[PDB]
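Below is one structure; the comments refer to it alone.
Below, read A as the first sequence line, B as the second, and so on, with proteins coming before strands; counting in each chain starts at 1. The analysis underlying the following values was restricted to heavy atoms, covering all of them including side chains, and did not include hydrogens, waters or symmetry mates. We count ligands from 1, going down the list as the structure has it; atoms in each ligand are counted the same way.
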Number of protein chains: 2
Amino acid sequence: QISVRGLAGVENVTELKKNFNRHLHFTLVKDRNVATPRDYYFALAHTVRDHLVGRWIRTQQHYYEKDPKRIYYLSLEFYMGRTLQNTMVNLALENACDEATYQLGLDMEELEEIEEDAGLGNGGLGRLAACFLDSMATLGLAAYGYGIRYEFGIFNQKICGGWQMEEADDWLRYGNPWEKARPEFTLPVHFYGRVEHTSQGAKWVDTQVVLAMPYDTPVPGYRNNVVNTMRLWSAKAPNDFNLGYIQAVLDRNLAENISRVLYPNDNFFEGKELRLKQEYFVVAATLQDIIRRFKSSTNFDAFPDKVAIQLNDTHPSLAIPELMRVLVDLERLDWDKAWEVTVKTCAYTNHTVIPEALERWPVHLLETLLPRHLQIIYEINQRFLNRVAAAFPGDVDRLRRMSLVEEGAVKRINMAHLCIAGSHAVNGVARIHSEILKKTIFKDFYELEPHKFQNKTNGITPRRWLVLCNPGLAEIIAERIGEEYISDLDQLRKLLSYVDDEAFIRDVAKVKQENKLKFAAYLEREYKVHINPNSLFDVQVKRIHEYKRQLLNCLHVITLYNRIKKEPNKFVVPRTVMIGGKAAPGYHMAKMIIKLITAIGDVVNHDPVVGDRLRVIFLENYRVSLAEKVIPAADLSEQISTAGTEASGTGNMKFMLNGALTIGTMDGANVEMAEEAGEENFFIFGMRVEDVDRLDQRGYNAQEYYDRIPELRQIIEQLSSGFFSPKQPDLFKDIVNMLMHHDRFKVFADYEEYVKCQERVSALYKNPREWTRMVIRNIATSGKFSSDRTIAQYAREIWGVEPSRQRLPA
Amino acid sequence: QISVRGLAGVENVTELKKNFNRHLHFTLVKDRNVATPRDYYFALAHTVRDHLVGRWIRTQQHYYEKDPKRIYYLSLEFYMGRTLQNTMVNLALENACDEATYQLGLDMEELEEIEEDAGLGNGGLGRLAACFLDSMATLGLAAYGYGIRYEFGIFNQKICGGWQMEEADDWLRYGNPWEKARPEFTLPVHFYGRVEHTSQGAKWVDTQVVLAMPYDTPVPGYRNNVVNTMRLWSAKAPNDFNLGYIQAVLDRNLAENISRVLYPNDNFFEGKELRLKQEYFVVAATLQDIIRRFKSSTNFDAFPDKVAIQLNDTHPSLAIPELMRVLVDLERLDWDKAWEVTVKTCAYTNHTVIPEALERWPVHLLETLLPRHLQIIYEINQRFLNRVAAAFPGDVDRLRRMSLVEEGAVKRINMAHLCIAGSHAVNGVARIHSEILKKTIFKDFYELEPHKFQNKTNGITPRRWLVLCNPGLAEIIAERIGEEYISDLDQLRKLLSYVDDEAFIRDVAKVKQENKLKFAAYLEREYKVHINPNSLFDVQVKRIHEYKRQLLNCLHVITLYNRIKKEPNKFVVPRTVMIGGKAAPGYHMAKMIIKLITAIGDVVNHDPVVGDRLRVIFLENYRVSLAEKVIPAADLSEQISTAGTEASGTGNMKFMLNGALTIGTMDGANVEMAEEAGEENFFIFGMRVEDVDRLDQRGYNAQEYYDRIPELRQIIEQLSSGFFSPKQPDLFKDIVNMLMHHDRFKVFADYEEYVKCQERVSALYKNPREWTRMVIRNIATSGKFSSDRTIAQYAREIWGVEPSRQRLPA
Ligand SMILES: CC(=O)N[C@]1(C(N)=O)O[C@H](CO)[C@@H](O)[C@H](O)[C@H]1O
Ligand SMILES: CC(=O)N[C@]1(C(N)=O)O[C@H](CO)[C@@H](O)[C@H](O)[C@H]1O
Ligand SMILES: *Cc1c(COP(=O)(O)O)cnc(C)c1O
Ligand SMILES: *Cc1c(COP(=O)(O)O)cnc(C)c1O
């Protein structure tokens, strides 16, 4: 047992054991003779869950009594991952449970692997929401996460013949012990219908009704006895729905399809009706809940003092016109008063600048689905443009650029413009991203209301991303500076005075080696794949995207391979290149990239001459639980997106906190990370945002690079001739064609500097001691990237509430 | 507290209370400050449930050790009703829980009303299966009820404008505390595909796979510590199902629709594909489970010694060819050996003789859905007819009459013929019904294999239908003969020596009066309807059907009304005529009858001259929980189906056990009931089966009755002229037209004798003392109609197992 995992008291271990047996008997209705590991996992989950309820009930009762300002974090995604270990960590029950299960003759780590990931997210945006919930609870904020309870989360990725195959993520199959259905708080949500204009107000009538049933999941703060709530809505059809008879009953599924599945798109907008329904569904149900809670604390002037609504991107942007609809149509407030309340209540966070990810809904869709909201949006736009016109008289083009309504083929509503107009604060997720917002995408808006624009650099929770996934590292750190850093990551700074400490250097390196052995083993157990634990673990895990440039990584791998075949008996630092991530089902290029990766592996991994010097592995079904395993085992973190495309990135922070060195571009949060650790302790390369713009003004011509770089030329010719696809020589024609003629992300432009930088990485790896010393400098300066810091800034600069680290009663 | 409700021990009441509070806290995650009656109901349900698990686990472990012959009761319907009180009754926890909740300041009766009925049945057939499970557990048989877990059971009936409106029975909305999902025992079921004939055997390939997930519900025996299992299958789509992406995920519902809803038809066959899928689904999953359990006890010669499969009607008839498919195709047994095993394992129970209820599936449907089963059925038919041909040489018409395959417009498979051929026993559900089977419908089959035909008169469980719904009556009975009768109903005979006992007569009458007041009150509480508790409670509750002749009851009500208007100041015994029951959604005539009933009420209930002398009420949403309320409060039980149409009837037995006198035809079980109590203690009237046949040979002409009975003529003219439907004068034209020209059930033919008999009933009611004495004679002789007797006969004469009343350890 390690210190950071809590005490294994005599009384508590005994109590845990009896409750474990009670649940196995009464809850699972099983005896030890027929119980399977899954049954044991559930018995443990219910045992741990019991310890939450007491705190959950008093935390909520506490907020009722003290009535603080409530924070409502609206998101269509909450990438939670597993809950068992995280709960034990935050409740200081890990060692006790480890001991108790040990005495029952069970391996707790084996049981934890049985829990299904709650994959209600796609990647960064969803995971961010998860880290935020953890931090808000840890900082004692009366926060509520509101989203959708998807029956099917992000699809499970299978690799067949080197191709990605998707299969339903039936995560609720065996039941979810963490959620508590609250059917008693079911709310009605309206769709379609029409607008009637009577004497005293407009009415939305003849609507189709869908019920929203809430499910509450506890969110425990770190050892402070605070347990907040994440409320996920589930779609239910009313009972007089469609009410020949048989068909009417079967058609109930049409209404319940709203919460059936998560759209698997990462940084891409797909204007489908079902998605719009999901967005309004979560918004409509949540707002009624918010107002209900408010009225139970009618002058809505105090609404903004008791309520803060944070929009995670534009997905829940309809909250703005829905809040207006309710205040104006239902509560009968005058427009101006209602608008004042709305702006002061809502804040919007932008997560990207790539045009294809921007939500622009066709007016005809809103027209049919939400007629009243479309009217309110036109009215908002009207009054907004009147302000623009008055601020910039005669600037007609600005008016059309800022309009919430975009003209053209089909009129569309720019949801981002809607969010800026109806929010008192708009923020980017990293300094460079936030600056880009003010200088480009939202320049006109920043000019009109500069006070609205802020920055809130992303962060990650040190509980799940350090203590939970890397106990060995958390331990050796605690041994030298205590445990306070876990909820005050800035204290890792103190590790700077151990950079020359021989014992520490040795332990840091030892922990990494153990993590690598542990992962190298897992690889063979669950995926029959052998790798050399002594090689440098070069990993790039994140969603497959052209802007992420997994292709640039591929070019390097092929370069390494060609160099080896060129001079076989020459020494080179051994490397295990691991690339993992899911591709959106309809993203063809992303799926071709996955195939290319596996294709490269097929050649490289079986070339006798290469031996154990180079291995290319594609990490299947990358998800939160897998991240917790690979990240602690990585040496090199690949954060190589084209400058200006990765709003922030969070995977980069996870790697930095876990002892991996970073090779990347000055993009997103990488800039601040390098700034914190010092550029000398970072492997920075490639074009800066300015270099990219210069190239765009000049005109990007990939051919130029192809003509001037022999090694690059050789790679393209190998791809084109079928060297990596014998049976299908032209298999990768689309890839080569894109690289050569329409590469929006300038892969070739950063090739030379990338490769060169990679050589510097290999050189440092040859010097174990100095590599580890640089690692210590990174870990020691990663404190700024804790989501506790991020949330503290949101609370103080946007929500107007003070974080607290005071422990609530037991 | 009453004696039959068990002891309210000091230790147990204390234990119950703490566990109630534990569940409210840890299970429902609520505090007393926010708990609603529903939360309290669930806390109690979980508390009671806890007492079942221990016994449930050892009962099943017991069967594993002793390995007795297992009884598998296959049914597409299990009309369970509520489970809370029944569980308390069988566990002798009722008084303790009553006390415990009392001390917690809660009214247990109020909490029981919150439980949703498990309405997984239509009427008699489904309820019979429920009573049987209760009796099999009480008799210590290793029995398993196997069926489908419908998401939506029988629809909830709403009456709007006097018309029936159906609405989804979302009984799982708030969760079901009684079931235990067993996802670990999920089994695959195949559909469609084709048959491949290879060298060594035929193969069923290219099939669509649907998963069957089982949910187990405990079935406690009466105070014997036995807890059997009812396993209900739920349809689940495999995860690589349909696996653009979004659509594939949404289409999973196509496969899961199989267990979505119960077909609401009572005694009517609807040849829909979805229904056929449900039938094979339950059969395929169940048989794999049966064989699995058998192999874990490969000579299948002992299969019939360890397994008995009872087919509740033909709904699960595919078990016969499915068992053959498995034994022949999968286990590779020779046909003859397989057939021997199948016949010795299966037994079939017929529940009706009406042609429209007989299952005849179109060959083209089986051809597409279950190609292999169709081949097996042809093969069975072939060999079967060869036996017929050899037994009755040259009788070509017999061959075509007995064929499992019916020729004509579209070829169909007669499932009843299939069941007779593949079963070692076939039984009717009442003596007269069983005789009718041998003399008519299955005459040819009886001639070929007379040994197969048996009778097993239906019964009802005295636990739910006496002790649970009528504690007051169970108590006064127990006070004079003890409690042993509850599991040995024949002992009620002893009450015969109290027929002249003044105290007993007074108590029996008192209990009835209290039940009537209790019901008259409930009527006003939940349905704002006032009635006179001193009137005779004339009730007919059962599914709406023409053969049940609710119309004959209507004619009498109208007769009573017309007589009163004719002589207003003449005295007549006051009556409250209550009619209730659901009509199948697509059964037009049944829906018109409901409207007629409410229409009669509209006129009769508001006629000043009638006063409180006559009231016509339609009992809305008749279901098991409502039956438990009305039956104990009834004085007169209407069992007036045309002789030969009601196979048995079970509602009739419920009324007899609860102190109501019966007016009915010599049909179904009424014959045996009258035989048991003595015809002098029964109000028998109308045509006997023989009279009906005579009339059919002559030719039924309704006009004749219309011309010779003035009162009848007046009623038809009132209906035709719009007397009961002013705004819509011809509203009931279909009813009159049917009555006059195509009445398959000869309503007019029994009118005169019915009315006359009703006069005899009123006469006896005027003499309280003698009415009650006749009641005592009925209750005292109702013992034969206990399902314990029925099940004991099934066990000894069909399954070959001995019932046991021995209590298993605590
Ligand atoms: C739209 C969207 O999901 N954007 C992203 C992401 N996950 O892709 O949000 C996360 C969280 O802010 C950022 O770190 C990524 O750089 C940004 O692209
Ligand atoms: C088919 C069918 O459900 N038949 C019925 C019924 N419920 O309608 O079965 C029950 C139980 O045996 C019998 O009492 C009824 O007389 C018979 O009609
Ligand atoms: C952290 C995380 C991400 C975000 O990774 P980036 O490299 O910032 O894109 C995505 N997926 C999972 C499973 C994560 O844990
Ligand atoms: C007993 C019962 C029946 C069967 O009634 P019959 O009069 O035999 O048709 C039908 N429905 C319910 C709810 C029952 O309790």
If you round to the nearest 0.5 Å, how far is NZ of A:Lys542 from CD1 of A:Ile640?
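The NZ atom of A:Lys542 is 8.0 Å from CD1 of A:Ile640, to the nearest 0.5 Å.
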Hey, what do you get for CG (A:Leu552) to CD (A:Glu546), rounding to the nearest 0.5 Å?
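With rounding to 0.5 Å, CG (A:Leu552) is 13.5 Å from CD (A:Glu546).
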Heavy-atom proximity to atom 18 (O) of ligand 1, best of A:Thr645, A:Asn267, A:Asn458, A:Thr352
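Among A:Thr645, A:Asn267, A:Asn458, A:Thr352, the closest heavy atom to atom 18 (O) of ligand 1 comes from A:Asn267.
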[X] N/O to ligand 1 N/O under 3.5 Å:
{"X": "A:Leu128", "value": "no"}
{"X": "A:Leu125", "value": "yes"}
{"X": "A:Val429", "value": "no"}

Of all the non-hydrogen atoms in the protein, which one sits nearest to [atom], and at what distance?
{"atom": "atom 4 (C) of ligand 3", "value": "A:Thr650 OG1, 3.5 Å"}
{"atom": "atom 14 (C) of ligand 3", "value": "A:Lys654 NZ, 2.9 Å"}
{"atom": "atom 15 (C) of ligand 1", "value": "A:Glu646 OE1, 3.4 Å"}
{"atom": "atom 5 (O) of ligand 3", "value": "A:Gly651 N, 3.7 Å"}
{"atom": "atom 13 (C) of ligand 1", "value": "A:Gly649 N, 3.7 Å"}
{"atom": "atom 17 (C) of ligand 1", "value": "A:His351 O, 3.1 Å"}
{"atom": "atom 11 (N) of ligand 3", "value": "A:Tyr622 CE2, 3.6 Å"}

Can you sort out which atoms of ligand 4 are near B:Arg623, meaning under 4.0 Å from one of its heavy atoms?
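Those of ligand 4 that fall under 4.0 Å from B:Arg623 are 13 (C).
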Ligand 4 atoms in contact with B:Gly123 (distance to a heavy atom under 4.0 Å):
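Listed by number with element: 10 (C), 11 (N).
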Which ligand 1 atoms, with their elements, are less than 4.0 angstrom from a heavy-atom of [X]?
{"X": "A:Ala647", "value": "16 (O)"}
{"X": "A:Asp266", "value": "8 (O)"}
{"X": "A:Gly124", "value": "7 (N), 10 (C), 11 (C)"}

Before signing off on this row, confirm whether A:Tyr79 and ligand 3 have an N or O atom pair separated by under 3.5 Å.
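Among all N and O atoms of A:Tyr79, none is under 3.5 Å from an N or O of ligand 3.
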Using modelled atom types only, decide if a donor and an acceptor are shared between the side chain of [X] and the backbone of [Y] within a distance under 3.5 Å.
{"X": "B:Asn658", "Y": "B:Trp465", "value": "yes"}
{"X": "B:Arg623", "Y": "B:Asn621", "value": "yes"}
{"X": "A:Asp117", "Y": "A:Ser625", "value": "yes"}

Between B:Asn86 and B:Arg463, is there a side-chain donor-acceptor contact under 3.5 Å, judged purely by atom types and distance?
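No, no side-chain donor-acceptor pair sits under 3.5 Å.
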Donor + acceptor pair across side chains of B:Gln639, B:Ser637 (<3.5 Å)
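Distance-only check passes for B:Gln639 and B:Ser637.
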Where does A:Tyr547 meet ligand 1, judged by heavy-atom distances below 4.0 Å: at the side chain, the backbone, both, or neither?
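Side chain only.
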At under 4.0 Å between heavy atoms, which part of A:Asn122 makes contact with ligand 1: side chain, backbone, both or neither?
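Neither part.
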Are any non-hydrogen side-chain atoms of [X] and [Y] less than 4.5 angstrom apart?
{"X": "B:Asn553", "Y": "B:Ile579", "answer": "yes"}
{"X": "A:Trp171", "Y": "A:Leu120", "answer": "yes"}
{"X": "A:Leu636", "Y": "A:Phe655", "answer": "no"}

Quick check: B:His545 with B:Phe268 (ring centres under 6.0 Å apart)?
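No; B:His545 has its ring centre 6.0 Å or more from that of B:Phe268.
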For A:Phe269 and A:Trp361, I'd like to know if the aromatic rings sit close, meaning centre-to-centre distance below 6.0 Å.
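They qualify: ring centres under 6.0 Å apart.
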Aromatic plane relationship, B:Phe519 with B:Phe537 - under 30° parallel, 30 to 60° tilted, over 60° perpendicular
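Rings of B:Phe537 and B:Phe519: perpendicular, over 60°.
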Within the structure, does B:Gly649 bring an N/O atom to less than 3.5 angstrom of an N/O atom in ligand 4?
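No: no nitrogen or oxygen of B:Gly649 is under 3.5 Å from one in ligand 4.
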Please say whether B:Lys542 places an N or O atom under 3.5 Å from an N or O atom belonging to ligand 4.
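Looking only at distances, the answer is yes, because the N/O contact criterion of under 3.5 Å is met.
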Heavy-atom contact check, 4.0 Å cutoff: does A:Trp465 meet ligand 3?
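The answer is yes, since A:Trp465 has a heavy atom less than 4.0 Å from ligand 3.
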Which atoms from ligand 3 have a heavy atom of A:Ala627 less than 4.0 Å away?
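It comes down to these atoms of ligand 3: 15 (O).
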As an exercise, identify every atom of ligand 3 less than 4.0 angstrom from a heavy atom of A:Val624.
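Within the 4.0 Å cut-off of A:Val624, ligand 3 contributes 13 (C).
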Using a 6.0 Å distance limit plus a 45 degree cone around the ring axis, check whether A:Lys582 lies over the aromatic ring of A:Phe155.
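The answer is yes, since A:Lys582 meets both limits relative to A:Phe155.
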Step-by-step side-chain contact (heavy atoms from CB on, under 4.5 Å) determination, B:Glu672 to B:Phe785
CA-CA 9 Å; B:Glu672 295 165 70; B:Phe785 306 102; 3.9 Å; yes
Give a yes/no verdict on whether any heavy atom in B:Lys548 is under 4.0 Å from an atom of ligand 4.
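Per 4.0 Å heavy-atom rule, B:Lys548 contacts ligand 4.
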